[PDB]
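Enquirer: Pasting a structure here, questions to come.
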Amino acid sequence: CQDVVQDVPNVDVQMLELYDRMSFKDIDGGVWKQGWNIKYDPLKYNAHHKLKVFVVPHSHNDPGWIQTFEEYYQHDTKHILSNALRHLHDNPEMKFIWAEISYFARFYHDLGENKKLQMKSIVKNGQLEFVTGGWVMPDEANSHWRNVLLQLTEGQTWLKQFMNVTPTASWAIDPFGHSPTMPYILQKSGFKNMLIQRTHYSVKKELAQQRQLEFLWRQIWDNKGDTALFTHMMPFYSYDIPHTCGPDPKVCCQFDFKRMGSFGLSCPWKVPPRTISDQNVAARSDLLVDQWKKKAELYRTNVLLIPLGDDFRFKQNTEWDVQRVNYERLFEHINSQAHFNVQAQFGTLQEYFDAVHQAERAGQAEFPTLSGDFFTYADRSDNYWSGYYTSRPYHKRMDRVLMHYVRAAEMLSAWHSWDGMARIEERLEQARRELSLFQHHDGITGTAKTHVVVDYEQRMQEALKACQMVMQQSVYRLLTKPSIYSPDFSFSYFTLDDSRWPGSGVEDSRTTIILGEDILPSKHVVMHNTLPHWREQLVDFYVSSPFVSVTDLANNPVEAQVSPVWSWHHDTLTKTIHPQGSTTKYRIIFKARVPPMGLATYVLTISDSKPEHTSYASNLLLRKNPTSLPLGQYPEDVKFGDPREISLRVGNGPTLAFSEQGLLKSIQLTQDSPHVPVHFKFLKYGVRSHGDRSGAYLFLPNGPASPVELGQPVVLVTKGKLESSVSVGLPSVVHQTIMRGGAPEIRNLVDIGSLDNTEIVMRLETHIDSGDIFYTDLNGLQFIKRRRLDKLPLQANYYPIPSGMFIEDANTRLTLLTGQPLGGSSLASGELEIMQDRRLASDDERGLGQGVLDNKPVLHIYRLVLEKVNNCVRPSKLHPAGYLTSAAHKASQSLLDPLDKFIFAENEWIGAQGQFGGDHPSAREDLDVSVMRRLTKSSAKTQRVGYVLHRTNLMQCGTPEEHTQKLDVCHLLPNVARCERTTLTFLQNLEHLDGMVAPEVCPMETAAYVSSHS
Ligand SMILES: OC[C@H](NC[C@H]1NC[C@H](O)[C@@H]1O)c1ccccc1
Ligand SMILES: *[C@@H]1O[C@H](CO)[C@@H](O)[C@H](O)[C@H]1NC(C)=O
Ligand SMILES: [Zn+2]
């Protein structure tokens, strides 16, 4: 295994180093506004060295943005595809590339057989070529790598089945900045090349000057280079026709033949395209070939890529004709005039890359190596696209909840083969496809119109119900004596209980377990653990009595704690935000111990009085002028007091101190240690009253944030043996700090209400001497070092926080893990900050056509880990990566893949069993089974199950942590007959494994295996 910590890779371009050296000056470069006047030696190309030009027709089809997916399909995409089929069939030299498989599958299944066969023919002959082949062209900032793989697999599995092709070249022309997680996943999925477009205009200029726009993109920790993927970065401001033929859009726009008037389009540079004729073809060719030769100066080979397309292009038949005929006339002229020394033709993306690599093999070019990312993107001036790291945070959090539900449903149901009548494959395909659709670069990004966001939310709600159905049917089958099991596949044997989604204060949707002497004495509950190691974790349920005790299925008592159910209300009468306790339901909390990838059953039983193994939390309401808070049968009376500082400690864990406003002030790790200043604060950013306005995409603050005025907020302290908390009702945020014995959990119920032009940020202030350095993750896969640059504006120092961020000095580290992607930064030494929500009245001129005024309450979740790190083996100062400790990684897993909870719905569960998976191997803490998916339906004689295994890299800090079992996924199901290593999409077999044993992977590596069973 490669060492991902101690060996600094030697690369030609390292993006953090490049950023430190770059000046980022925004000067007028002439017709190429953000470049320079390109010059070329006309004698560079001659009869023996011609410029080979591939014009690649394309149509960017957003799966929802200004219209829903189905609205665009009906108005535009179905016509684009039907006309592409007709025009390509009739014009054999014409070509077209297609990226979004969600639309292609929607179209193809509506075709008659005659057309399906014609379509397969133009794909097989190479005229219509799929690029990337994912369900969507995903966002690369907020998306989790597991969902990027899910959607790539959904589209490519569909393509292999119906079109018999698997793309090896990727096309990503629109995500707003680019992540190295993409080449990581693509290179492990058979890809050989990729293309990107939205990178900072200053980066395009810098790399263009050094002819470093094509590079071998490797991961930041990859010393050897085995993760490298050839990457082409386009050079100009847009992927539209005016910015793809060459440096001068006033000239290129004249070669977009859809802009002459009848289509309702024009050229903003005021010179319209003109129909090519025999009397103007020589002059038109001389203008066009000159743009091509200028663009070719920015690259190292004599093979030039010229994309020809834009949003929802190639719809009407007249448009296919106007572009095709005019370009055919230009090609016939240019290719016949030796003096140009050009051979131009329509081509596909793969054809371009194959020709570039033929040039490379002929020794005509060597390509530079590069590592790093391409965030934060700016397309012009100070317009940095860091707003979409937070926009529509409700749905960003929903994405992570559905991510987990899809994994758990696919894993729980994979253990068995299911009859078709159970509709298991049907519900899983629906869930995978709705979650995959939301990875679109206007879905999770929060950049679609309000009714489109509603469509995505409705689709995800249906996917969550599909997952619950599959999960609960699986649990009933796995835990019921086989000869008693009698399923009704439409019945709800269990309901899922989720404590953090939508969340307390967001939706009252959790069911109360109703017990009573005259109705039902007890209730079985089951926990599932999708991670491949034993896990203990506190779980909670709502119950109708405080006198409840817990037992495991061997009837062993389990210690429990009961607390009230508190809800916060904005009292319009008193103009205060305060808590009300339920007088009819209570929370019971206890530790569940669940096997690796397994299930554990517990029983909740009511009694007439306080049971022996259940304790009751105390509750203290701090506010002046308190009023009574009755709690029904709860046995401890609520206590009251004036606001005051307080300290809490659960178990042997840390001791946390809080201000009189209910916000953390310090953390003391152990009895002896110091009380380390760690202060939470809420602040607000505004919008500029002159100049450019923030919107769904852009973050353009009107200076540093200002503190939210807190008033004298009401603070609620609940102190229990197993779980304690401090909750405070602040303006727009009910902030909670929860302690269960280790790193605290923070929950924010964020309701920005009607505060227009406001962004609410949560900041942590510490005295960690971090300087200008901080770390943020990329797609939940890796942590990259960031350096705050005062030469760039505040919004440029904001980065995606898809799952965590940290700051550290020689001795101390503070890590903040998240349960949802949000934007954040470290704007001063010792600080961390993460945006909670933003409400913006204005459109930001990127096409959305509205502000962001559809905010809704969202429950954001986090874990806060303060640790000593002076004994940890960390990368050297020049290494561009950082790595989590064991505790921070486990805290992240606690947020993203919690135990699932099931409440048996009926009164008695006949044949109930107490555990499943007790014999599953408990793997090393850094290894995860990211995906377990049965790949065959019940009629297959040889069943196949796919596994994706991911091993992260945790810092060595002197904590032995030993005795773990080897995990061989190929023997998890019985009767294995074959074990193969495959690409991550499971579509290609790479290695037949000896002994049918799937070896574990190296740190920072991800591998896929398929086991076959007889
Ligand atoms: O190339 C045309 C450009 N496309 C914008 C892309 N980014 C946001 C969406 O995903 C859209 O595809 C545009 C289209 C419409 C209005 C403004 C700009
Ligand atoms: C699928 O593509 C392969 C290319 O290697 C070809 O050999 C195979 O026959 C194709 N299957 C069909 C006919 O769909
Ligand atoms: Zn787009």
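How things are named: the first chain in the structure tokens is A, the next is B, and so on; residues count from 1 in each chain; ligands count from 1 in the order shown.
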Within 10 Å of ligand 2, counting only C-alpha atoms and all ligand atoms, which protein or nucleic acid residues do you find, written as a PyMOL selection string?

Expert: chain A and resi 120+124+160-166

Enquirer: Could you turn the residues from that selection into a file that holds N, CA and C atoms, as a PDB file, in the first residue's frame?

Expert:
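And here is the file that came out, out11.pdb:
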ATOM      1  N   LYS A 120     -30.331   2.136 -31.455  1.00  0.00           N
ATOM      2  CA  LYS A 120     -29.196   1.281 -31.145  1.00  0.00           C
ATOM      3  C   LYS A 120     -28.181   1.306 -32.280  1.00  0.00           C
ATOM      4  N   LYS A 124     -24.306   2.178 -32.041  1.00  0.00           N
ATOM      5  CA  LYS A 124     -23.313   1.190 -32.416  1.00  0.00           C
ATOM      6  C   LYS A 124     -22.341   1.673 -33.495  1.00  0.00           C
ATOM      7  N   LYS A 160     -25.516  -0.089 -20.324  1.00  0.00           N
ATOM      8  CA  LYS A 160     -24.970  -1.387 -20.702  1.00  0.00           C
ATOM      9  C   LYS A 160     -26.107  -2.313 -21.106  1.00  0.00           C
ATOM     10  N   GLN A 161     -27.182  -2.262 -20.352  1.00  0.00           N
ATOM     11  CA  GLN A 161     -28.338  -3.131 -20.608  1.00  0.00           C
ATOM     12  C   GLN A 161     -29.028  -2.828 -21.928  1.00  0.00           C
ATOM     13  N   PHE A 162     -29.305  -1.571 -22.184  1.00  0.00           N
ATOM     14  CA  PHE A 162     -30.065  -1.194 -23.372  1.00  0.00           C
ATOM     15  C   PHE A 162     -29.304  -0.705 -24.588  1.00  0.00           C
ATOM     16  N   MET A 163     -28.119  -0.147 -24.401  1.00  0.00           N
ATOM     17  CA  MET A 163     -27.355   0.354 -25.539  1.00  0.00           C
ATOM     18  C   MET A 163     -26.059  -0.416 -25.763  1.00  0.00           C
ATOM     19  N   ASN A 164     -25.726  -1.315 -24.835  1.00  0.00           N
ATOM     20  CA  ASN A 164     -24.508  -2.101 -24.902  1.00  0.00           C
ATOM     21  C   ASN A 164     -23.237  -1.276 -25.045  1.00  0.00           C
ATOM     22  N   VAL A 165     -23.166  -0.190 -24.278  1.00  0.00           N
ATOM     23  CA  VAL A 165     -21.973   0.646 -24.305  1.00  0.00           C
ATOM     24  C   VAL A 165     -21.725   1.163 -22.895  1.00  0.00           C
ATOM     25  N   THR A 166     -20.445   1.379 -22.607  1.00  0.00           N
ATOM     26  CA  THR A 166     -19.986   1.954 -21.312  1.00  0.00           C
ATOM     27  C   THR A 166     -18.990   3.061 -21.649  1.00  0.00           C
TER      28      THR A 166
END

Enquirer: When you look at residue 515 of chain A with a cut-off of 10 Å (counting only C-alpha atoms), what residues show up, excluding the ones that are within fewer than 4 positions of it in the same chain? I need them as a list in words.

Expert: residues 519, 520, 521, 522, 523, 543, 544, 545, 547, 548, 604, 605, 606 and 607 of chain A

Enquirer: For ligand 3, list the contacting residues at 9 Å or closer, counting only C-alpha atoms and all ligand atoms, as a list in words.

Expert: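 Checking only C-alpha atoms and all ligand atoms against ligand 3 at 9 Å gives residues 60, 61, 62, 63, 64, 65, 137, 173, 174, 175, 311, 440, 441 and 442 of chain A.
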
Enquirer: Write a file of the selected residues as a PDB file, in the first residue's frame, keeping N, CA and C atoms.

Expert:
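Resulting contents of part12.pdb:
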ATOM      1  N   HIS A  60     -26.927  20.733 -23.878  1.00  0.00           N
ATOM      2  CA  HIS A  60     -26.893  20.642 -22.411  1.00  0.00           C
ATOM      3  C   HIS A  60     -28.339  20.590 -21.882  1.00  0.00           C
ATOM      4  N   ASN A  61     -28.707  19.447 -21.303  1.00  0.00           N
ATOM      5  CA  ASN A  61     -30.110  19.275 -20.866  1.00  0.00           C
ATOM      6  C   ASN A  61     -30.180  19.123 -19.356  1.00  0.00           C
ATOM      7  N   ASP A  62     -30.541  20.191 -18.683  1.00  0.00           N
ATOM      8  CA  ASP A  62     -30.633  20.134 -17.225  1.00  0.00           C
ATOM      9  C   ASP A  62     -31.824  19.314 -16.772  1.00  0.00           C
ATOM     10  N   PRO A  63     -31.618  18.277 -15.937  1.00  0.00           N
ATOM     11  CA  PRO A  63     -32.748  17.442 -15.411  1.00  0.00           C
ATOM     12  C   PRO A  63     -33.441  18.226 -14.257  1.00  0.00           C
ATOM     13  N   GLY A  64     -34.087  19.342 -14.642  1.00  0.00           N
ATOM     14  CA  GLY A  64     -34.745  20.264 -13.723  1.00  0.00           C
ATOM     15  C   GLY A  64     -33.856  21.493 -13.541  1.00  0.00           C
ATOM     16  N   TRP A  65     -34.459  22.674 -13.606  1.00  0.00           N
ATOM     17  CA  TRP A  65     -33.757  23.948 -13.326  1.00  0.00           C
ATOM     18  C   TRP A  65     -34.836  25.046 -13.297  1.00  0.00           C
ATOM     19  N   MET A 137     -25.441  15.090 -14.674  1.00  0.00           N
ATOM     20  CA  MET A 137     -24.053  15.658 -14.679  1.00  0.00           C
ATOM     21  C   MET A 137     -24.106  16.262 -13.248  1.00  0.00           C
ATOM     22  N   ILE A 173     -19.427  19.964 -18.292  1.00  0.00           N
ATOM     23  CA  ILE A 173     -19.317  21.353 -18.739  1.00  0.00           C
ATOM     24  C   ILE A 173     -19.963  22.378 -17.845  1.00  0.00           C
ATOM     25  N   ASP A 174     -20.816  21.947 -16.916  1.00  0.00           N
ATOM     26  CA  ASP A 174     -21.556  22.924 -16.120  1.00  0.00           C
ATOM     27  C   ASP A 174     -21.441  22.917 -14.576  1.00  0.00           C
ATOM     28  N   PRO A 175     -20.923  21.848 -13.905  1.00  0.00           N
ATOM     29  CA  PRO A 175     -20.854  21.999 -12.421  1.00  0.00           C
ATOM     30  C   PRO A 175     -20.054  23.238 -12.035  1.00  0.00           C
ATOM     31  N   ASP A 311     -27.489  25.170 -24.154  1.00  0.00           N
ATOM     32  CA  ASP A 311     -28.614  24.589 -23.365  1.00  0.00           C
ATOM     33  C   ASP A 311     -29.766  24.179 -24.283  1.00  0.00           C
ATOM     34  N   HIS A 440     -28.085  16.316  -9.572  1.00  0.00           N
ATOM     35  CA  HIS A 440     -27.924  17.305 -10.631  1.00  0.00           C
ATOM     36  C   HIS A 440     -27.373  18.625 -10.069  1.00  0.00           C
ATOM     37  N   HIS A 441     -26.613  19.335 -10.919  1.00  0.00           N
ATOM     38  CA  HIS A 441     -26.002  20.585 -10.539  1.00  0.00           C
ATOM     39  C   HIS A 441     -26.964  21.778 -10.369  1.00  0.00           C
ATOM     40  N   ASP A 442     -28.290  21.556 -10.518  1.00  0.00           N
ATOM     41  CA  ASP A 442     -29.257  22.556 -10.027  1.00  0.00           C
ATOM     42  C   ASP A 442     -30.198  21.884  -9.008  1.00  0.00           C
TER      43      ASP A 442
END

Enquirer: Using only C-alpha atoms for the distances, tell me which of A:372, A:446, A:999, A:674 is nearest to residue 19 of chain A.

Expert: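 Closest to residue 19 of chain A of all the choices is A:372.
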
Enquirer: Find the spatial neighbours of segment 48-50 of chain A, counting only C-alpha atoms, within a cut-off of 7 Å - ignore same-chain residues fewer than 6 positions away - and output them as a list in words.

Expert: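 So the residues in contact are residues 302, 341, 342 and 343 of chain A.
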
Enquirer: Residues within 9 Å of segment 101-118 of chain A, please, as JSON, numbers by chain. Count only C-alpha atoms; anything in the same chain fewer than 6 positions from it doesn't count.

Expert: {"A": [61, 63, 69, 73, 77, 78, 81, 82, 85, 86, 89, 130, 133, 134, 135, 136, 154, 155, 156, 158, 159, 433, 436, 437]}

Enquirer: Counting only C-alpha atoms and all ligand atoms, which residue out of A:529, A:132, A:893, A:447 sits closest to ligand 1?

Expert: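 The closest residue to ligand 1 is A:447.
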
Enquirer: For residue 246 of chain A, list every protein, DNA or RNA residue within 10 Å, evaluated using only C-alpha atoms, and leave out those in the same chain fewer than 5 positions away; present the list as a list in words.

Expert: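 My list of contacting residues is residues 32, 38, 235, 236, 241, 251, 252, 288, 289, 290, 291, 292, 293, 294, 295, 296 and 306 of chain A.
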
Enquirer: Which residues come within 8 Å of residue 924 of chain A, counting only C-alpha atoms, excluding same-chain residues fewer than 3 positions away, as a CSV table (one decimal) with N, CA and C atoms, in the first residue's frame?

Expert:
chain,number,residue,atom,x,y,z
A,533,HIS,N,-19.0,-3.0,11.7
A,533,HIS,CA,-18.4,-3.2,13.0
A,533,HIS,C,-19.4,-3.1,14.1
A,927,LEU,N,-12.4,0.8,7.8
A,927,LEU,CA,-13.0,0.2,6.6
A,927,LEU,C,-14.5,0.2,6.6
A,964,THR,N,-9.1,-6.9,15.5
A,964,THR,CA,-10.3,-6.8,14.6
A,964,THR,C,-10.2,-8.0,13.7
A,965,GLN,N,-11.4,-8.4,13.1
A,965,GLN,CA,-11.4,-9.5,12.2
A,965,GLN,C,-11.4,-9.0,10.8
A,966,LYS,N,-10.7,-9.9,9.9
A,966,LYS,CA,-10.6,-9.6,8.5
A,966,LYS,C,-12.1,-9.7,7.9

Enquirer: When DSSP works through the backbone of this structure, what residues of segment 695-728 of chain A end up as strand (DSSP E or B), shown as a list in words?

Expert: residues 706, 707, 715, 716, 717, 718, 719, 724, 725, 726, 727 and 728 of chain A

Enquirer: Quick one: write out the picked residues with N, CA and C atoms as an mmCIF file, in the first residue's frame?

Expert:
data_model
loop_
_atom_site.group_PDB
_atom_site.id
_atom_site.type_symbol
_atom_site.label_atom_id
_atom_site.label_comp_id
_atom_site.auth_asym_id
_atom_site.auth_seq_id
_atom_site.Cartn_x
_atom_site.Cartn_y
_atom_site.Cartn_z
ATOM 1 N N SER A 706 -22.023 40.498 11.121
ATOM 2 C CA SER A 706 -22.291 41.271 12.353
ATOM 3 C C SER A 706 -22.989 40.325 13.305
ATOM 4 N N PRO A 707 -22.743 40.409 14.607
ATOM 5 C CA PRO A 707 -23.411 39.480 15.554
ATOM 6 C C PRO A 707 -24.913 39.567 15.577
ATOM 7 N N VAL A 715 -33.086 29.608 28.149
ATOM 8 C CA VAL A 715 -32.192 28.466 28.129
ATOM 9 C C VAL A 715 -32.755 27.299 28.905
ATOM 10 N N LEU A 716 -32.732 26.098 28.341
ATOM 11 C CA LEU A 716 -33.238 24.874 28.954
ATOM 12 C C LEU A 716 -32.126 23.877 29.147
ATOM 13 N N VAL A 717 -31.901 23.452 30.372
ATOM 14 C CA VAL A 717 -30.857 22.488 30.696
ATOM 15 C C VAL A 717 -31.482 21.211 31.133
ATOM 16 N N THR A 718 -31.201 20.108 30.456
ATOM 17 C CA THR A 718 -31.723 18.814 30.851
ATOM 18 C C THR A 718 -30.527 18.004 31.230
ATOM 19 N N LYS A 719 -30.502 17.455 32.444
ATOM 20 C CA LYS A 719 -29.336 16.713 32.925
ATOM 21 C C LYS A 719 -29.718 15.297 33.268
ATOM 22 N N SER A 724 -27.374 14.569 28.409
ATOM 23 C CA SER A 724 -27.685 15.906 28.907
ATOM 24 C C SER A 724 -27.669 16.881 27.756
ATOM 25 N N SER A 725 -28.277 18.038 27.948
ATOM 26 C CA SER A 725 -28.291 19.016 26.897
ATOM 27 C C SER A 725 -28.510 20.418 27.382
ATOM 28 N N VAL A 726 -28.126 21.384 26.572
ATOM 29 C CA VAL A 726 -28.378 22.782 26.803
ATOM 30 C C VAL A 726 -29.034 23.257 25.510
ATOM 31 N N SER A 727 -30.234 23.814 25.573
ATOM 32 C CA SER A 727 -30.952 24.308 24.378
ATOM 33 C C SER A 727 -31.315 25.753 24.577
ATOM 34 N N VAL A 728 -31.211 26.591 23.571
ATOM 35 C CA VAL A 728 -31.545 28.005 23.712
ATOM 36 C C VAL A 728 -32.283 28.506 22.511
#

Enquirer: I need the residue nearest ligand 1 from this list: A:184, A:494, A:312, A:658. Use only C-alpha atoms and all ligand atoms for the distance.

Expert: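 When distances to ligand 1 are compared using only C-alpha atoms and all ligand atoms, the smallest one comes from A:312.
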
Enquirer: So that I can check the surroundings of residue 379 of chain A, please list as a list in words every protein, DNA and RNA residue that reaches within 7 Å of it, counting only C-alpha atoms and ignoring chain neighbours fewer than 2 positions away.

Expert: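 After dropping sequence-adjacent residues, the list is residues 200, 201, 237, 377 and 383 of chain A.
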
Enquirer: From the set A:639, A:787, A:232, A:243, which residue has the shortest atom-to-atom contact distance to residue 169 of chain A, counting only C-alpha atoms?

Expert: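 Result for the nearest residue to residue 169 of chain A: A:232.
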